[PDB]
Each structure stands twice: as C-alpha cells, then as structure tokens.
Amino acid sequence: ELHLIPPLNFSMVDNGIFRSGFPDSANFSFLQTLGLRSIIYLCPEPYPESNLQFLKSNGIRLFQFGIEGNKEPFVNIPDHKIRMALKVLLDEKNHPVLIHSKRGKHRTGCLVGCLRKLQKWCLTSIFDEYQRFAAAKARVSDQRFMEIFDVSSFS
C-alpha cells in the first residue's frame, strides 16, 4: 500500500523543520504523519479552503509572510519578510514547522539558506543545498541575498 504523497520538493531541513512547495489534498495524509504545529507560508495569495480545513482539523497555526514571486533580473527579495519568517522558524515552540511557497525553490530556498548561515555553514555549502532544490530555476539573486544577509541580529 504505497499511498503517502509528500508535497512538491518536500525535504526535512533539520529536527522539527521541513520545506516544500504548495501542499494539495493529495499530500494531507502524508503531512498528518509529521504532527505539524506550524506552517510558514511565503506567498501573498489567500490560503485555499481545502488547506484551511486541513489546518483547522489538525490544529496547525498558519504564519503568512507574503513575498511577491518576481523573475530575474528584477528580483527584490524583501529582507524584512525573510527576517519575520526566521524569527518564527527559530522558536522551537512552533516545531514541527513546514516552510512552503509555490514551488519550494526561491522564497523557501532563501529562508532556508539564511537559517544555514545562522548555523555557520560555509556559503558554498548553503548555495549547493539551494541549487539542489532550485535546479534549472536556480537564481544568482537568491544566492547573493544569502551572501549579503547580515546575521548580527539573530546570533
């Protein structure tokens, strides 16, 4: 009975932290197995009724930090929104937490890369993980955002 379907680009980031693209009803039975307390949602669009009923049924808190989905070379990742998401991500009371965007590549990739910088990973190691998810859609601007991200306020 091969029946569980993780959401698009699903991965475990760390103890209590997951990343993916946008979950749909086919992914709900899999997400139930994780015992989520929180979702960090990085798109501005309203959450669909299907997903809201999943959250309500499972007692999952929704944190929305809407980042516009821009394309290179006109990408302007908002530092403030990433930092608000990081503040929630670093509070273990919110774990287990799923970070998701639409595809789990750009917005999700930036938030995870900034977590890795706080975890003292080498930039080349952060970029390698970012590229594994983003694949042919890897953006230099996402990696430059991580390069210049000042960790001072979170250490």
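The numbering used is simple: start at 1 and walk along the sequence shown.
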message: When the Cα temperature factors in the entry are averaged, is it 50-58 or 117-125 that ends up higher?
response: 50-58
- prompt: Between 21-29 and 8-16, which has the larger average Cα B-factor in the PDB entry?
  reply: 21-29
task: Classify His106 as lowest, middle or highest third according to the C-alpha B-factor given in the PDB entry, relative to its own chain.
output: lowest
task: Please rank the C-alpha B-factors of the chain's modelled residues and tell me whether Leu98 sits in the lowest, middle or highest third.
output: lowest
- request: Comparing against every modelled residue in the chain, figure out the third that the C-alpha B-factor of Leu34 lands in (lowest, middle or highest).
  value: middle
- request: Among all modelled residues of this chain, ranked by Cα B factor, put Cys43 in the bottom, middle or top third, i.e. lowest, middle or highest.
  value: middle
- prompt: Mind checking which third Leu86 falls in for C-alpha B-factor across the chain?
  reply: middle
